[PDB]
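Enquirer: Turn this into a structure:
(one chain, ligands or ions: 2)
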Amino acid sequence: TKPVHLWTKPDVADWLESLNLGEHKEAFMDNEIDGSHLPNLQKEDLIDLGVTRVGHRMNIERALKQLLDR
Ligand SMILES: [Cl-]
Ligand SMILES: [Zn+2]
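Expert: Numbers count the residues shown, from 1 in each chain. Ligands and ions are numbered 1, 2, ... in the order given. Below, you will see the structure:
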């Protein structure tokens, strides 16, 4: 599998699907979110991408901690 920094936009869509965060795929793709963006996303970016529910941002924050060992 690819290092995260090399994830294309669809690779991020696949990852979101895998997290049962599929309803965010279109926003992440329409906003040009690739693997290089994931380490840099702030809460305000996740809000701008339509991730308005606390639980769903916490799911993304949790997943990224394990992906990027932060
Ligand atoms: Cl949400
Ligand atoms: Zn959501």
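Enquirer: What's the local residue count around the closest residue to residue 67 other than its chain neighbours?
Expert: Excluding its sequence neighbours, the residue lying closest to residue 67 (Cβ to Cβ, 6 or more residues apart in numbering) is residue 4, at 6.0 Å. All C-beta atoms are positioned from the backbone trio N, CA, C, and that covers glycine. Counted by other Cβ atoms under 10 Å, the residues lying close to residue 4 total 18.
Enquirer: swap in the one 4 residues further on?
Expert: Residue 8 is flanked by 12 other residues according to other Cβ under 10 Å.
Enquirer: close enough to count as contact, it and residue 35?
Expert: Yes: assessed by Cβ atoms under 8 Å, residue 8 is found in contact with residue 35 at 7.4 Å.
Enquirer: how about the closest residue to residue 25 other than its chain neighbours, what does it touch?
Expert: Once flanking residues are discounted, residue 25 sits nearest to residue 13: 4.2 Å by Cβ to Cβ, 6+ apart. Contact analysis of residue 13 by Cβ atoms under 8 Å, 6 or more residues apart in numbering lists 25, 28-29.
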